[PDB]
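Contents: one structure, followed by commentary.
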Amino acid sequence: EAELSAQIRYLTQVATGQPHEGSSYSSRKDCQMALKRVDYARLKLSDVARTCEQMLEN
Amino acid sequence: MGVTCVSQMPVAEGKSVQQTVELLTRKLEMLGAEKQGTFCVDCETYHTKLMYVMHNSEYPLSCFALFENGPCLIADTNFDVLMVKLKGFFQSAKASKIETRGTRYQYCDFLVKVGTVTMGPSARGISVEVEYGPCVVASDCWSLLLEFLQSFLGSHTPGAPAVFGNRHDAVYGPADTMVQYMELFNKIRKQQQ
Amino acid sequence: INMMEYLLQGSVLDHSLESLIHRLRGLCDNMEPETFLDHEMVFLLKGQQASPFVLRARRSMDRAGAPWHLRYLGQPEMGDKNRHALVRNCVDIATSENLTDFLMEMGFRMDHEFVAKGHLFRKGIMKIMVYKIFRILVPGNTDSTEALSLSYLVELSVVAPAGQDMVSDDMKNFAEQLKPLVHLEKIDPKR
Amino acid sequence: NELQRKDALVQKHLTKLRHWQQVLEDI
């Protein structure tokens, strides 16, 4: 009973009844952009690799 | 920002103001200048020493507060409103409003402004302003300005504005043009006729 | 035109400031704090009339390349349109860095100085600012500072053109959102 | 001789290309 009563008092000092409109969306978009930029790079590199591979072989 | 020279062209012993103005503008258009708008300059005096408040159409978001030999403020447009709030310590000194009006020409990094000075309804003088663009050091380019002024004026060419007299390596700023304008306005309001 | 300023004031003890900062971060817009630091001076001009003219001049010691700021605030209005905040007439001007000399040559005399240090928040058109006031002695130097009390001061401000109803109501609602921690009231400048 | 020069240089580009491909794939 001691612990629950203390917890209720703590909630009575931290409650305000508003939705708290912070968030973390922008940095997550930026990081996703960077990952797909790296993927583009990896695709083009593989293509160059295969054309050089086929020229070296005759 | 660039070096500026302000002078007064005499009425040339006859005719009217409009004839001298149109002769000067015809010479400018013959040289190769082109129209790019218009301009206006005004000034007001305040007293309880004398204070001067000036505006310029070239700097549309500024007000200049000047003393005869003291400092100079460059504030924003709200400054005049502050004067309206005082109204008990500084009278407006009526019958001291003067304006210069005209059009501005640009010819390859030069700015030429020829204007008429009015004591309200009556015009009694002509003012000529020449400003160079790329040079910020006063008297560094004084030779180019002299050559251009001799090009479109011949005689009546001024020389060595008194503001340049601080012979240092200082950077020319837009507050000096207002000192020159205040001196010219004082001269015209003194001579009259 | 002319503008008006609506003001609400309060104070908070400095041993519970972290909770207030967390709550303000949770309630205000999604923007990081600023942590300003400003020097302030008051100039007074004593003429023939009983009430002398008063002006305030501020300067930023933290960011270089910020112009000086003048401010003039009139007497509060006794009209019964808005009755829940201080409503005053304000004029504010941005000015170059030779303001003191020109003000002295007009005829103003300096009265007192102080240094304010705190945080700043924005919510809509509402400005929250929570700061601590210092004391300047030996006026030439700005490093001889001692704290004035054991509490921080909290300001809620809204500046808007004349008219503009239903603003003090929103300010009241935002103040009541902070009731268990800070109690903000309209208070007259006299005592 | 210039044929061998071209072959060697294109081989060098391929080796470094494979190296950076695996370096970027380790992410």
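How do the pairs read when you match residues in the stretch A:1-21 that are over 18 Å from C:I21 (Cβ atoms) with residues anywhere that are basic (K, R) and in a loop (DSSP other than H, G, I, E, B), using Cβ under 7 Å and keeping only pairs 6 or more apart or on different chains?
As it stands, the answer is none, since no pair meets every condition given.
Could you list all residues from the stretch B:64-81 that are surrounded by 13 or more Cβ atoms within 10 Å (Cβ to Cβ) and either among the hydroxyl-bearing types (S, T, Y) or at the interface with chain C (Cβ under 9 Å from one of its Cβ atoms) (or both)?
B:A65, B:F67, B:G70, B:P71, B:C72, B:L73, B:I74, B:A75, B:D76, B:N78, B:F79, B:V81
C:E18 is checked against (1) over 15 Å from C:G118 (Cβ atoms); (2) loosely packed, with under 13 Cβ neighbours inside 10 Å and fails just one. What number does that condition carry?
(1)
Would a scan of the stretch B:176-189 turn up a residue that is surrounded by 13 or more Cβ atoms within 10 Å (Cβ to Cβ) and part of a loop (DSSP other than H, G, I, E, B)?
Looking through the stretch B:176-189, none of the residues is surrounded by 13 or more Cβ atoms within 10 Å (Cβ to Cβ) and part of a loop (DSSP other than H, G, I, E, B).
In chain D, which residues are over 8 Å from the mean Cα position of the chain (by Cα), β-branched (V, I, T) and more than 7 Å from every other protein chain (Cβ to nearest Cβ)?
Within chain D, just D:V23 meets the criteria.
Quick check on my filter: what residues within the stretch C:76-91 are within 12 Å of chain B (Cβ to nearest Cβ) and either closer than 14 Å to C:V158 by Cβ or among the polar types (S, T, N, Q) (or both)?
Once the filter is applied, which keeps residues that are within 12 Å of chain B (Cβ to nearest Cβ) and either closer than 14 Å to C:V158 by Cβ or among the polar types (S, T, N, Q) (or both), the stretch C:76-91 yields C:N89, C:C90.
Being under 30 Å from C:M3 (Cα atoms), of a type in the set (K, R), more than 14 Å from every other protein chain (Cβ to nearest Cβ) and under 17 Å from the mean Cα position of the chain (by Cα) is true for just one of B:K97, B:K113. Which residue is that?
Only one candidate qualifies: B:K97.
What is the number of the single condition among (1) away from every other protein chain (no Cβ under 11 Å); (2) closer than 22 Å to B:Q180 by Cα; (3) touching a helix residue (DSSP H, G or I) at 6+ places or on another chain (Cβ under 8 Å) that B:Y107 does not meet?
For B:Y107, the exception is condition (2).
At the interface with chain D (Cβ under 10 Å from one of its Cβ atoms), among the hydrophobic types (A, V, I, L, M, F, W, C) and either over 16 Å from the mean Cα position of the chain (by Cα) or under 16 Å from D:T15 (Cα atoms) (or both) - does that describe any residue in the stretch A:24-42?
Yes, some residue in the stretch A:24-42 is at the interface with chain D (Cβ under 10 Å from one of its Cβ atoms), among the hydrophobic types (A, V, I, L, M, F, W, C) and either over 16 Å from the mean Cα position of the chain (by Cα) or under 16 Å from D:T15 (Cα atoms) (or both).
Looking only at residues in the stretch B:4-18 that are not in a loop (DSSP other than H, G, I, E, B) and not polar (S, T, N, Q), which one is farthest from the chain's Cα centre (by Cα)?
B:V17
Check the stretch B:20-34 and report whether any residue there is part of a strand (DSSP E or B) and over 14 Å from the mean Cα position of the chain (by Cα).
Checking the stretch B:20-34: at least one residue is part of a strand (DSSP E or B) and over 14 Å from the mean Cα position of the chain (by Cα).
Of everything in the stretch C:93-111 that's in a helix (DSSP H, G or I) and either within 8 Å of chain B (Cβ to nearest Cβ) or hydrophobic (A, V, I, L, M, F, W, C) (or both), which residue is surrounded by the fewest Cβ atoms within 10 Å (Cβ to Cβ)?
It comes out as C:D101.
Looking only at the stretch C:60-83, how many residues end up being surrounded by 11 or more Cβ atoms within 10 Å (Cβ to Cβ), within 22 Å of C:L44 (Cα to Cα) and among the polar types (S, T, N, Q)?
Residues in the stretch C:60-83 being surrounded by 11 or more Cβ atoms within 10 Å (Cβ to Cβ), within 22 Å of C:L44 (Cα to Cα) and among the polar types (S, T, N, Q): 1 in total.
Out of the residues in the stretch B:100-110 that are over 12 Å from the mean Cα position of the chain (by Cα) and charged (D, E, K, R), state the one that is nearest to B:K35 (Cα to Cα).
My answer is B:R104.
Tell me which residues, restricted to the stretch B:33-60, are loosely packed, with under 15 Cβ neighbours inside 10 Å and either within 20 Å of C:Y72 (Cβ to Cβ) or within 10 Å of chain C (Cβ to nearest Cβ) (or both).
B:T48, B:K49
Of the residues in the stretch C:133-191, how many are more than 25 Å from C:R122 (Cβ to Cβ), in a loop (DSSP other than H, G, I, E, B) and among the hydrophobic types (A, V, I, L, M, F, W, C)?
Count: 4.
Would you call B:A33 among the small types (G, A, S) and touching a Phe, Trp or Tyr at 6+ places or on another chain (Cβ under 6 Å)?
Spelling it out, B:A33 is indeed among the small types (G, A, S) and touching a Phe, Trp or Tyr at 6+ places or on another chain (Cβ under 6 Å).
Any residue in the stretch C:53-71 that is within 13 Å of B:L82 (Cα to Cα) sitting within a Cβ distance under 6 Å of a residue that is surrounded by fewer than 15 Cβ atoms within 10 Å (Cβ to Cβ) and of a type in the set (A, V, I, L, M)? List the pairs, counting only those 6 or more apart or interchain.
Correct list of pairs: C:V54/C:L44.
Give me a count of the residues in the stretch C:64-98 that are closer than 23 Å to C:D169 by Cα and either among the polar types (S, T, N, Q) or in contact with a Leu (Cβ under 7 Å, 6 or more places away or on another chain) (or both).
Of the residues in that region, 8 qualify.
Here are some residues: C:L55, C:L24, C:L86. Which one is surrounded by 18 or more Cβ atoms within 10 Å (Cβ to Cβ) and farther than 25 Å from C:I125 by Cβ?
Answer to the selection: C:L55.
I'd like the full set of residues that are surrounded by fewer than 16 Cβ atoms within 10 Å (Cβ to Cβ) and part of a strand (DSSP E or B), limited to the stretch B:114-149.
B:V137
Bear in mind that the values in this text are calculations on the coordinates, not laboratory data. Note that we place each Cβ from the backbone using ideal geometry, even for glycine, and neighbour counts take in every protein chain shown.
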